[PDB]
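[1] sharing an experimental structure here, sequence included.
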Amino acid sequence: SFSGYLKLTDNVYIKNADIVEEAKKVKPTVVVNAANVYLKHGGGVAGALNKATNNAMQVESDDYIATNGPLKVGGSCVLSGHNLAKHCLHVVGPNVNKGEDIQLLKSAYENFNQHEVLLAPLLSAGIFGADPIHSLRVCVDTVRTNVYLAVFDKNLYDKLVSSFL
């Protein structure tokens, strides 16, 4: 199961790790993807998770979008986890670089509450443009289920832990 995590709260844990490598090792029930509304897994966490599935995540996602249309910003869908997990919970945090409402980050984290335990990245962080310190704060104040956060960047991980209130 999960190893090497620092406990932040009763239910939130954090580790400096590549979420793809973490998913391949743990094979959790749920891995969260930092998705966009189109499920176009081009870059960031989504590009990395999709590349690890040999593009099977993108093929499955294109079929999902063809049937259902795009997700809402703040919304999610459950798809296969392929070789990474049992399920992938594709969650759309607001993309600040696309001028989206940062207030939707709490709605995005609420999707995590439908799953007892998740391996996840910080929503809206990285190429989504939000402040990762703010994302961690929203995570701890919103998610009530067990969330194991993988932060790829060591320097950001250290800043997140050292500034955690």
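    Structure's in. What do you need? Residues are numbered from 1 along each chain as shown.

[2] CA only for contacts and neighbour counts going forward, please
    Will do.

[3] residue 87: neighbour count?
    Per other C-alpha atoms under 10 Å, the neighbour tally for residue 87 reads 19.

[4] cool, and residue 1?
    Look at residue 1: counted by other C-alpha under 10 Å, it has 6 neighbours.

[5] residue numbering should commence at 55 henceforth.
    From this message on, residue numbering opens at 55, which makes the last subject residue 55.

[6] for it, which non-adjacent residue is spatially closest?
    With C-alpha to C-alpha, 6 or more residues apart in numbering as the criterion, residue 55 has its nearest non-adjacent residue at 5.6 Å, and that residue is residue 80.

[7] where exactly do the strands run in this protein?
    With DSSP state E as the criterion, the chain has strands at 60-61, 66-70, 84-88, 130-134, 141-145, 171-174, 200-205.

[8] ok, the residue nearest to residue 141 when sequence neighbours are not counted - contacts?
    The shortest distance from residue 141 to any non-neighbouring residue, by C-alpha to C-alpha, 6+ apart, is to residue 135 (3.9 Å). Taking C-alpha atoms under 8 Å, 6 or more residues apart in numbering, we find residue 135 in contact with 84, 85, 111, 141, 142.

[9] for residue 194, same thing?
    With C-alpha under 8 Å, 6+ apart, residue 194 has these contacts: 63, 66.

[10] check residue 151 too.
    Residue 151 touches 181, 182, 183, counting by C-alpha under 8 Å, 6+ apart.

[11] out of the strands of the chain, which is closest to residue 159?
    strand 141-145 (10.1 Å; C-alpha to C-alpha).

[12] and the angle from the closest one to strand 130-134?
    Computed with axes from the mean of the first three to the mean of the last three C-alpha atoms, to 10 degrees, the direction of strand 141-145 lies at 150 degrees from that of strand 130-134.

[13] then strand 141-145 to PDB, C-alphas only?
    Provided in PDB are the C-alpha atoms of strand 141-145 (Å, rounded to 0.1, in the frame of the first residue of the first chain):
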ATOM      1  CA  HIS A 141     -10.100   3.600 -11.700                       C
ATOM      2  CA  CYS A 142      -9.000   7.000 -12.800                       C
ATOM      3  CA  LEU A 143     -11.100   9.800 -11.400                       C
ATOM      4  CA  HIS A 144     -10.700  12.600 -14.000                       C
ATOM      5  CA  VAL A 145     -11.200  15.800 -12.100                       C
END
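
[14] who does it touch, helix- and strand-wise?
    strand 84-88, strand 130-134 (3 or more C-alpha pairs under 8 Å, 6 or more residues apart in numbering; DSSP states H and E).
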